[PDB]
Each structure stands twice: as C-alpha cells, then as structure tokens.
Amino acid sequence: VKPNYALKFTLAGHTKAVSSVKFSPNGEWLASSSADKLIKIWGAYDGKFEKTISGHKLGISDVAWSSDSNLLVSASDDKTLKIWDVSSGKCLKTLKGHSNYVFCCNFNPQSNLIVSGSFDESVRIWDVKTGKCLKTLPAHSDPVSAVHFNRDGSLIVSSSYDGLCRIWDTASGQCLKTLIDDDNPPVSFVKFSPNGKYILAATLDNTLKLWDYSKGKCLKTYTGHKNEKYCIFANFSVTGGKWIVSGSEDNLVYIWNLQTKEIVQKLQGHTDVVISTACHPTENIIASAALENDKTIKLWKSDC
Ligand SMILES: CN1CCN(c2ccc([N+](=O)[O-])cc2Nc2nccc3ccccc23)CC1
Ligand SMILES: O=C(O)c1c(O)c(NS(=O)(=O)c2cc(Br)ccc2O)cc(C2CC2)c1F
C-alpha cells in the first residue's frame, strides 16, 4: 500500500551541486556526477566511497552505465562525453562533436551505442568501440533535456525545452512520433517505461505524465511536487510496490502510486533542490542528490 523509505546514508564528497546518480545494473555501485567536474563511485549497500574519476574540463550533467556494469559514460559542459573504465578509472574515449554543453547520455542495452543530447539542440548516436559519431539527429529547436533507449535499443526518446517529446528509430535515425500537448511547456525529462510501452515525461509546470506513445494518449498524471525550473530526473520503482519517484524543488523526494497517482511518501532531509533520483535494480533502495546548498547524496531503504 505505501512504502516506508527511511534515511540510511548521507554521501559527502562533491564540492559543487550533484547532478546525477545512477545505480550500476548489477546493483553493486552508485555513480554520481557533479558540477565539480568529478565522477564518484560509492558502494550501493554500505554507502562507502570507492573512487573519484577525473578528466572532464568543466562540470558534468549526467552519467550512465553499460549493461555489464564495467563502463561509464559522462556528459559535460566541456562539450564532450567520455567513456570510462570504472575498474581502472581511465578515460577510454572522448566523444567529440557537440557544439555546446552535453546534458544527457545513455547506453543502449547491447551497450555498443551511446545516445547523447545537448544544448546545441541535437541528439547524437555514438559507436562505443571507435568513439566516433554515427548519426547526428536535428532533433529539437531548443536544448535537449533527456535521451533514453527503449527495452531493446530499437527506439530512442528525446525531450526538449521546445516542448516536444520525440521518438526516433535507432537504426535509421528517422523520427517515428512527435508527442505534443497543447500549451507546450518545456519537457525537462523523459524515459521509456519498464515494459517499453509507455513514456514518463516531466514538464516545467510541476507535472509528470505517463504517455502511451503508440496511441499518443496520456494515461496518468502525477502532481503535487514542485518542478518549474530544473530538469529533474524521474524513475519507475520496480522492486517492491509500483511507484513513480521524483525529486522536487521543495527539497523533497516524492513517491506516487503508479495506478492511482496518489502521493504515498515524501522524503525529507535534503537542503536544496533534489535534481536526481535513482531506484536500485533489485533492492527497495533510492538514491537522491541535491544542488549546491546541499551537495550530498542520500541513500534510503524501504521494506516494500
Ligand atoms: C541528470 N540530469 C541532470 C540535469 N541535466 C540538465 C538538463 C538540461 C539543462 N539545461 O537545459 O540547462 C541542464 C542540466 N544540468 C544541470 N541542471 C541543473 C543543475 C546542474 C548542476 C550541476 C550540473 C548540471 C546541472 C540533464 C541530466
Ligand atoms: O499494474 C501494473 O503492473 C501496471 C504496469 O505494469 C504498467 N507498466 S509500466 O511499464 O509502467 C511498469 C511500471 C512499474 Br512502476 C513497474 C513495472 C512496469 O511494467 C502500467 C500500469 C498503469 C499505469 C498504466 C500498470 F497498472
């Protein structure tokens, strides 16, 4: 019926705003990125600091894991993405091509491709092995806030301040669908649902929406949080009860019932905007991260 997330660890170390936290697919690690130009690795279960990964010349907006939990990609204000070997901390490739800040990144399930989105209004598809750009998609007419592959990597979804969500065919780069609302507020986050059927989209009018993309119909709306300024990540919680999880500009983590849309928990503790949340792949564990009045990551655990 309702979760009971309680605070287990506060992870200190970043010296500026923390922008993104991600659990490794095998559940072992949490990776964090920050405006301090650093990536940090932490134990997912004991919160123990593991290592700092350094090399970007400016701040980092996003990080993402390969499917074997061995590689990381990061997206930076220095206009590059970097591919990292987590075990060695070494930069394997620097992905060059974007003409402005890179805001978002993800591997496909095979992890032979990386997708990125940028202030430069493009979505790029990269070959992991060579580090070369395979395709540049003229995806949007304002900064791209999020990019995500579906279950098998055959589709990409992108979101933008231009107010649009777009679905792309990975192999051809052609646009398969454009989702439009009405009053087109900036779309600040998007991701495919666990079953690949739906898309979860945030707009900067304090609203999360679950869309059936093949029918182009909104199925659920989640409200009550604050989101009018920052691109705040959202998640599906798949380990216990079926929840939607998001940060909020009132410094709280919000948790909603997937089907009824009622708020079932609000997690208090952070002292700045909670810009990023992540849900552990097997354990009812949430990671949250906040902006520069806070600079910490928090790990929470629920019985359901
Ligand atoms: C995981 N997310 C984090 C937010 N990302 C993002 C998206 C659009 C814009 N944009 O359009 O400006 C900026 C950012 N980055 C940051 N936004 C706010 C505060 C930040 C603080 C430090 C580093 C990056 C920050 C996308 C991926
Ligand atoms: O009762 C359900 O199992 C169910 C459902 O599984 C999906 N699929 S999902 O991909 O959003 C999803 C979300 C989560 Br959290 C976990 C798994 C998952 O598969 C959607 C809906 C309603 C909202 C439309 C459901 F009621």
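1. Here's the deal with the side chain of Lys191
Thinking step 1. Within the secondary structure layout, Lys191 lies in strand β18 (residues 187–192).
Thinking step 2. Those residues in contact with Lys191 that sit more than four places away from it in its chain are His148, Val157, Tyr198, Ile199, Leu200, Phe233, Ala234, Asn235 and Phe236.

2. Description of the sheet that holds strand β5 (residues 49–54)
Sheets are built from strands that pair by backbone hydrogen bonding, the pairs being arranged parallel or antiparallel.
Thinking step 1. In spatial order, the strands read β2-β3-β4-β5; together these 4 strands make up an open sheet with antiparallel pairing. Here the strands that pair on one side only, and so sit at the sheet edges, are β2 (18–23) and β5. Taken over all neighbouring pairs, the strand axes of this sheet differ in orientation by 20° on average, direction set aside.

3. Let's talk about the sheet that holds strand β19 (residues 198–203)
Thinking step 1. With respect to topology, 4 strands assemble into an open sheet ordered β18-β19-β20-β21, the strand pairing being antiparallel. Since the sheet does not close on itself, it has two edges, and those belong to β18 and β21 (217–222), each with one partner. Each strand axis lies, on average, 25° off the axis of its neighbour in the sheet, ignoring direction.
Thinking step 2. Two strands pair when backbone bridges link them, and strand β20 (residues 207–212) and β21 are joined in this way by 5 bridges, in the antiparallel orientation. If you follow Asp212 over to β21, its bridge partner there is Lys217.

4. Some details on the environment of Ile53
Thinking step 1. Among the structural elements, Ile53 can be located in strand β5.
Thinking step 2. Separated by 37 residues in sequence, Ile53 and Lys90 place their C-alpha atoms 7.7 Å apart.
Thinking step 3. In this structure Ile53 touches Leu38, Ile39, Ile41, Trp84, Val86 and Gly89, once residues within four positions along its chain are discounted.

5. Brief notes about the nonpolar core
Thinking step 1. Formed by 14 residues in total, the largest nonpolar core has its most connected members in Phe189, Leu200, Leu208, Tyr222, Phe236, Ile244 and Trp256.
Thinking step 2. Sorting the residues of this core by element identifies β19, β20, β22 (234–237) and β24 (253–257) as the ones contributing at least two each.

6. Section: the state of the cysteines
Each disulfide is one covalent bond, formed between the sulfur atoms of two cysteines.
Thinking step 1. By the definition in use, this model includes 0 disulfides.
Thinking step 2. Free of any disulfide, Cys165 has its nearest neighbouring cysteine sulfur in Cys218, separated by 11 Å.
Thinking step 3. Among the residues examined, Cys165 registers a relative accessible area of 6% and is labelled buried.
Thinking step 4. The thiol sulfur of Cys279 is not disulfide-bonded, and the nearest other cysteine sulfur, from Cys304, lies at 13 Å.
Thinking step 5. Exposure remark for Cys279: the relative accessible area of 18% places this residue in the buried category.

7. Let's talk about the site of ligand 2
Thinking step 1. Ligand 2 sits among 13 residues. The nearest are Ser193, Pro194, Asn195, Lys242 and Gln259.
Thinking step 2. Protein coverage of the free-state accessible area of ligand 2, which is 540 Å², stands at 75%.
Thinking step 3. Residue composition of the shell around ligand 2, by class: 7 nonpolar, 4 polar and 2 charged.

8. Topic: the site of ligand 1
Thinking step 1. In the vicinity of ligand 1 there are 13 residues, among which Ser19, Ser61, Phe103, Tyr161 and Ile275 approach most closely.
Thinking step 2. Between ligand 1 and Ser61 there is a distance of 3.2 Å, counted from a nitrogen atom to a side-chain nitrogen or oxygen.
Thinking step 3. The fraction of the free accessible surface of ligand 1 (560 Å²) that becomes covered by protein chains is 82%.
Thinking step 4. Breaking the shell around ligand 1 down by element, the ones donating at least two residues are β2 and β6 (60–65).
Thinking step 5. Top contributing element to the shell around ligand 1 by residue count: β6, with 3 residues.

About the thresholds
- Residues numbered from 1 in each chain as written, not as in the entry; some residues may be left out.
- Chains lettered and ligands numbered in written order.
- Heavy atoms only, no water.
- Residues with missing side-chain atoms left out of burial classes, pairs and counts.
- Helix = DSSP H or I, 4+ residues; strand = E, 2+ residues; numbered from the N terminus.
- Contact = heavy atoms within 4.5 Å.
- Pairing = 2+ DSSP bridges.
- Axes fitted to C-alpha atoms, helices over the stretch in contact; angles between N-to-C directions.
- Core = buried A, V, L, I, M, F, W, Y, C linked by side-chain atoms within 4.5 Å.
- Buried < 20%, exposed > 50% of the residue type's maximum accessible area, 1.4 Å probe, protein only.
- Disulfide = S-S within 2.5 Å.
- Near = heavy atom within 4 Å.
- Areas by Shrake-Rupley, 256 points an atom, 1.4 Å probe, with all protein chains shown as cover.
- Nonpolar A, V, L, I, M, F, W, Y, C, P; charged D, E, K, R; others polar.
- Polar contact = N/O pair within 3.5 Å; in protein donor to acceptor, adjacent residues only side chain to side chain.

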